[PDB]
Amino acid sequence: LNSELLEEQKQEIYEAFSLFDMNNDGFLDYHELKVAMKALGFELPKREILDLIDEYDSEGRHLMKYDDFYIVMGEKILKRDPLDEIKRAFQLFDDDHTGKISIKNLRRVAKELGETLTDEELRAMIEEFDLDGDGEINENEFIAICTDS
Amino acid sequence: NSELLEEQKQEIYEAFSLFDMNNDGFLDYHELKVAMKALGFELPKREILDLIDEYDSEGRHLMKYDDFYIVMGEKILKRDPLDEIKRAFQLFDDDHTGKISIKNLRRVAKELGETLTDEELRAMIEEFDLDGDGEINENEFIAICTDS
Amino acid sequence: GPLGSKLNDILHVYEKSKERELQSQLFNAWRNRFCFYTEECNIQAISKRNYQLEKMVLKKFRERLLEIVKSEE
């Protein structure tokens, strides 16, 4: 089970909110909130954001209190399917959008992370997890790397 | 099946146990590769994957212990006994002198917990060393390891 | 301005650093499982092989020692 927010998660909520409280008053307006949710992966159409604001507002201002943000984002975070993150990551490896992570892709990632890996090391990293044998890593293969079963 | 030594049954069981990380009934591709490596078998990737498919009548892409036993059984029985002697020779000849020295022997014994006395080692060199060098070369080693 | 609203720029910088930490994390996981199977487990596998082969040979020694003792009376 996972009924509660872990520490990284509570931290993510705080940081995201902090980024957009521009007058530093523990409240976000509609425009600030729109991007705060985008940051967390929770993009909503204009009217749904507004409907959300109206739902947690006692005194008529298009503002959202941090304490409320924390609750709403909190339940959205708990419902997060960890697989979405894996698949999103796959896109980021696959620069050129071929549906596969090739050695040139992986070399770019390594270099970007500042790692120093010889092409043999990179070739061997693919080889061990390349199941169909085409010398590259497809989406399902990547998911298998980032899993336990 | 019922023509394997007890050692070999035990050998197959241990290799599998070593790489069963979930302690569930099965191994995946990666665990299988090293499992076979532990029994001395090194197949190409395609082969191992083909081998999983033949026995994965379930679609899970894992390999059952029951099936592992049968297929490793047959492979083990098909081991050339002489290659095993020779591979083992190299393990004893740590320093690659081409002869198994008295210290080579005493070293292995330590590793396996075993202990073998001076008397045992002379009774061994007396019986089998034909050069006179007081050591055991590969041919002498084969004579020891083969039944006669 | 030329990189959007101040608000929208803040967002960009944030997403980028996140994308980077995602690539870094998962690259590291990839590399870890790679070393698990090709280094850690390989050494275990070679050890089990070599150990059993040695066992096999010492069982042979034992047997012959008997035969030598049995060789006289």
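- As annotated in the PDB entry, chain B carries the name Cell division control protein 31 and comes from Saccharomyces cerevisiae.
- Annotation of chain B in UniProt includes, under Sequence similarities, the sentence "Belongs to the centrin family."

- Where the PDB entry is consulted, chain A appears under the name Cell division control protein 31, with the organism given as Saccharomyces cerevisiae.
- For the record of chain A, the UniProt heading Sequence similarities holds the text "Belongs to the centrin family."

Some thoughts on the interface of chain A and chain C
Here is step 1 of the chain: In this assembly, 34 residues from chain A lie in contact with 19 residues from chain C.
Here is step 2 of the chain: The largest contributions to the chain A side of the interface with chain C come from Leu92, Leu113 and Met125 of chain A, which together make up 22% of the buried area.
Here is step 3 of the chain: Where chain A meets chain C, there are one salt bridge.
Here is step 4 of the chain: In this structure, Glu115 of chain A and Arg31 of chain C form a salt bridge, with 2.5 Å as the shortest nitrogen-oxygen distance.
Here is step 5 of the chain: Counting every contact that joins chain A to chain C gives seven residue pairs in polar contact.
Here is step 6 of the chain: Listing elements by their share of the side of chain A that touches chain C, those giving two or more residues are α1 (7-20), α2 (30-40), α5 (82-93), α6 (103-113), α7 (119-127) and α8 (139-145) of chain A.

So, the side chain of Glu32 of chain A
Here is step 1 of the chain: With respect to the helices and strands, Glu32 of chain A occurs in helix α2.
Here is step 2 of the chain: As a buried residue without a salt bridge, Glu32 of chain A has its nearest oppositely charged side chain in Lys6 of chain C, at a separation of 11 Å.
Here is step 3 of the chain: When residues no more than four places from it in sequence are discounted, the contact partners of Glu32 of chain A are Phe20, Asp21, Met22 and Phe27 of chain A together with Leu7 of chain C.

Examining the domain arrangement of chain A
Here is step 1 of the chain: Parsing chain A into structural domains produces domain 1 (1-78) and domain 2 (79-149).
Here is step 2 of the chain: Taken over C-alpha atoms, the centre of domain 1 of chain A sits 33 Å from the centre of domain 2 of chain A.

Overview of the UniProt feature "binding site: Ca(2+) 2" in chain B
All names here are of chain B.
Here is step 1 of the chain: UniProt's feature table lists "binding site: Ca(2+) 2" at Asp129, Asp131, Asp133, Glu135 and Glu140, given in the numbering used throughout.
Here is step 2 of the chain: Note that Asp129 resides in the loop between α7 (118-128) and β4 (136-137).
Here is step 3 of the chain: Leave out the neighbours within four places in its chain, and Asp129 touches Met124, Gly134, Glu135 and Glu140.
Here is step 4 of the chain: As for its position among the elements, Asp131 is in the loop between α7 and β4.
Here is step 5 of the chain: Beyond its immediate stretch of four places on either side in the chain, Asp131 contacts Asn137 and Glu140.

Brief notes about a negative patch on the surface
Residues and elements named next belong to chain A.
Here is step 1 of the chain: On the surface, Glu48, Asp51, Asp54 and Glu55 cluster together into a negatively charged patch.
Here is step 2 of the chain: Considering the arrangement of structural elements, one finds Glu55 in helix α3 (residues 46-55).
Here is step 3 of the chain: The class of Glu55 is exposed, set by a relative accessible area of 56%.

Things to note about the nonpolar core
Here is step 1 of the chain: In this structure, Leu106 and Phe142 of chain A, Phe68 of chain B together with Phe27 and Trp30 of chain C are the most contacted members of the largest nonpolar core, which totals 52 residues.
Here is step 2 of the chain: At eight residues, helix α1 (residues 6-69) of chain C tops the list of elements feeding residues into this core.
Here is step 3 of the chain: Among residues more than four places away in sequence, those in contact with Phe27 of chain C are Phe93, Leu106, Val109, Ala110, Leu113, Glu115, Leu117 and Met125 of chain A.

A word on the packing of α5 of chain A against α1 of chain C
Here is step 1 of the chain: At a minimum axis distance of 10 Å, the contact between α5 of chain A and α1 of chain C shows a crossing angle of 95°. Classified by the angle their axes make, α5 of chain A and α1 of chain C are roughly perpendicular. When α5 of chain A is examined against α1 of chain C, the residues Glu85, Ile86, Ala89, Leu92 and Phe93 of chain A are found in contact with a partner set consisting of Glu19, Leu22, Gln23, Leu26, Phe27 and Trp30 of chain C.
Here is step 2 of the chain: Here the residues of the contact of α5 of chain A with α1 of chain C sort into eight nonpolar, one polar and two charged.

A short note on the UniProt feature "domain: EF-hand" in chain A
Residue and element names in this part refer to chain A.
Here is step 1 of the chain: When the UniProt feature table is mapped to this numbering, "domain: EF-hand" covers residues 8-43, 44-79, 81-116 and 117-149.
Here is step 2 of the chain: The span residues 8-43 carries 67% helix and 6% strand; its end-to-end C-alpha distance comes to 21 Å.
Here is step 3 of the chain: Spanning residues 117-149, this segment combines 48% helix with 6% strand, and its end C-alpha atoms are found 28 Å apart.

Things to note about the interface of chain C and chain B
Here is step 1 of the chain: Every contact between the two is made by 26 residues of chain C and, on the other side, 40 residues of chain B.
Here is step 2 of the chain: Carbon and sulfur atoms make up 66% of the area that chain C and chain B hide from each other, which totals about 3,100 Å².
Here is step 3 of the chain: Considering only the side of chain C, the residues that lose the most area to chain B are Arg49, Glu54 and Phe61 of chain C, jointly responsible for 22% of the buried surface there.
Here is step 4 of the chain: At the junction of chain C with chain B, the criterion picks out six salt bridges.
Here is step 5 of the chain: When the shortest N-O distance is used, the salt bridge between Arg49 of chain C and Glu84 of chain B registers 2.8 Å.
Here is step 6 of the chain: Counting the contacts that link chain C with chain B gives twelve residue pairs in polar contact.
Here is step 7 of the chain: Its residues assigned to classes, the side of chain C that touches chain B shows twelve nonpolar, four polar and ten charged.

Procedures and definitions
- Residues numbered from 1 in each chain as written, not as in the entry; some residues may be left out.
- Chains lettered and ligands numbered in written order.
- Heavy atoms only, no water.
- UniProt positions renumbered as here; feature names shortened; annotations may be inferred.
- Contact = heavy atoms within 4.5 Å.
- Buried area = accessible area lost by both parts, 1.4 Å probe.
- Salt bridge = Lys/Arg side-chain N within 4 Å of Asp/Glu carboxyl O.
- Polar contact = N/O pair within 3.5 Å; in protein donor to acceptor, adjacent residues only side chain to side chain.
- Helix = DSSP H or I, 4+ residues; strand = E, 2+ residues; numbered from the N terminus.
- Buried < 20%, exposed > 50% of the residue type's maximum accessible area, 1.4 Å probe, protein only.
- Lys, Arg positive; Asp, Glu negative; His and termini not counted.
- Domains from an automatic or database assignment.
- Patch = residues over 30% accessible without salt bridge, like charges linked within 9 Å, V, L, I, M, F, W, Y side chains within 5 Å.
- Areas by Shrake-Rupley, 256 points an atom, 1.4 Å probe, with all protein chains shown as cover.
- Charge placed at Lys NZ, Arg CZ, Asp CG, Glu CD.
- Core = buried A, V, L, I, M, F, W, Y, C linked by side-chain atoms within 4.5 Å.
- Axes fitted to C-alpha atoms, helices over the stretch in contact; angles between N-to-C directions.
- Parallel < 35°, antiparallel > 145°, perpendicular 65-115°, else oblique.
- Nonpolar A, V, L, I, M, F, W, Y, C, P; charged D, E, K, R; others polar.

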